[PDB]
Structures are given as structure tokens and as C-alpha cells.
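What follows is one chain in C-alpha cells, specifically the form deposited in one PDB entry.
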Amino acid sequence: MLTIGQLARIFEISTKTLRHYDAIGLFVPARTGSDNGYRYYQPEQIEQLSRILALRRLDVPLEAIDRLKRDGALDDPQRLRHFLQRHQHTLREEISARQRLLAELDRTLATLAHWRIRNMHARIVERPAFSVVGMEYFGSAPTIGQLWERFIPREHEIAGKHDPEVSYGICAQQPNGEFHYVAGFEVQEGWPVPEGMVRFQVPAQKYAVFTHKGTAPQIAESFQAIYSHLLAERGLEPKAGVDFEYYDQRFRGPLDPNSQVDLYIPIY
């Protein structure tokens, strides 16, 4: 025979969970110690307690278990299997119903994007030429976001940062056809350029500035809307030159949906 401590041990439960079961009359010990008032169980009851605890593991309430114990369904493998399949069917439907909501949710998230784009209004500004030092990349890559994580650990090595709280994602066109991306900071001329990095000069330009209020992978969608109609709808025409992303305090990481990024679109 097993003591309540031995039983509770091999099932890793508390000893009063078992006295409780005894008070309910759900799981009664085979006999009570006639000289210590202790509870003692038979090895034949292990599989019975095992099934009781397996129901509790399925979050089945104890009063349910007590209902099964009384009307004999708990000690019947066919009636018990029936209870479990039924409960299984509910779990599957609760999952299906929630999965349907995720589709409706994801469909609703898409419409929120168009609403955001419709609210991305342009502000026109002219800015003089300024110098940028950082890690450049020559070539039409299918990575940028990787250039940034390639660039963030070496940011410290840039001396003479005129304004360290703002950085730039510059994209310059080449008569090549290819484009030239550079991630860096505005720094005054004369300071040394860390090894493996470059100094890029952004010319003076007229700009249309669109505030992208979203994630960084979502930046491309803003660019698409900008060149598909947003400039035209405002009678502005893009001009060949260098654009850039303007990251300041409003930027909170490439995957934070609360990040804001100004996109300086050169125009006529």
C-alpha cells in the first residue's frame, strides 16, 4: 500500500489535493490509518488517480469530474471516451472560430494601410547640400535593412557627427541604371572617415517630404504609393536625384509599428 505522500510524489501533486478528493468522495483512500488517522491507498488506484489528474490537465473542472464519478461515466472507458471526444470537438471549434477571426483581422489590417497612405500628406521643403559619412553600397540589390545591422555596430567610429540623433538612408541614382544606397550620419567636412566607410555629399534639392508612420519593411509600400499617384495628385513631379530616409527620434526600430520615417522625395 501507498501513503498519501508516496502517491502525491509519484504524481507530483500536493498532499491536500488528495484529502480534498477524499472530502468530495471523488477519490477515496482504501482505508484510514487506525492508529494515526492517515490515509492509505492501494496500487490499484494509481491508474484511477492518473485519469482524474489527466482530466484536470485538460482544464476540465473538478465538479465535472465529480459528476462523471457519480453517474459511473468516470469508471467506464466508453462513456469517458465519449466525454473526451465531445470536449475535443469543442476545442477544435473554438480554434476554428478564432482562426476565422484572424482572417477577418488580417483583412481589416490591409484596409488600414490604405487609410494610412491616404493620410500621408506631402510637405514641400528645400534643403542645402550636406555631407554624410557612413557605409555605402553600390549596386541594384534585392539587404538594406541588413546594411543597417551591418552598420549599427560601427556607428561609434564616426567622428565629428554634427547631429547624432538623426541618421540618413540615402539612395542615389546612377546614369548606370543601378542605384546607390548609403546609411550614415551628417558630419562636417574635414573629419576622418573610418575604415571601410565612405563620405557622400547630398546636393541641395527641392523635396516633397512624406511621413511614413509604420514599419521599415513597409517603407517600400509608401515609395510605391508616392510614385504611383501621390505626387501626381498634388501636381508634383519627381526629379532625378538623391532621395533619403530621415531617421530621428520618431524612429523606434525597423519592426516597431510606431516608428515614423520621413521620406525626402526630390521634385521639380
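Between two forms, the rigid core is the largest collection of C-alphas that superpose within 1.5 Å. Residue numbers here begin at 1 and follow the sequence given.
According to the entry, the stretch of the deposited sequence that connects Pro142 to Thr143 contains 1 to 3 residues lacking coordinates, which leaves a short gap in the model. As the entry records it, the average C-alpha temperature factor is higher for 167-175, out of 167-175 and 127-135. Across the two stretches, 102-110 and 76-84, the PDB entry reports the greater mean Cα temperature factor for 102-110. The entry assigns its greatest Cα B factor, within the set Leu231, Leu26, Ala216, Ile52, to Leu26. The PDB entry gives the largest Cα B-factor of the residues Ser34, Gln224, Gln201, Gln42 to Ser34. Annotation for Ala183: C-alpha temperature factor in the lowest third relative to the rest of the modelled chain, per the entry. Split the chain's modelled residues into thirds by C-alpha temperature factor. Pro153 is in the highest one. Per the PDB record, residue ranking by Cα B-factor puts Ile65 in the middle third of the chain.
For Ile265, the recorded CA temperature factor ranks within the lowest third of the chain's modelled residues.
The following text describes the form deposited in another entry, which does not appear among the structures shown.
Fit the rigid core and compare the CA positions between this form and the one not shown: of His114, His162, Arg107, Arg123, just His162 moves by 2 angstroms or more. Superposition of the core reveals a Cα shift of 2 Å or more for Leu74 between this form and the one not shown. With the core held fixed, the Cα of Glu47 is displaced between this form and the one not shown by 2 Å or more. Core-superposed comparison between this form and the one not shown: the Cα of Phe11 travels 2 Å or more.
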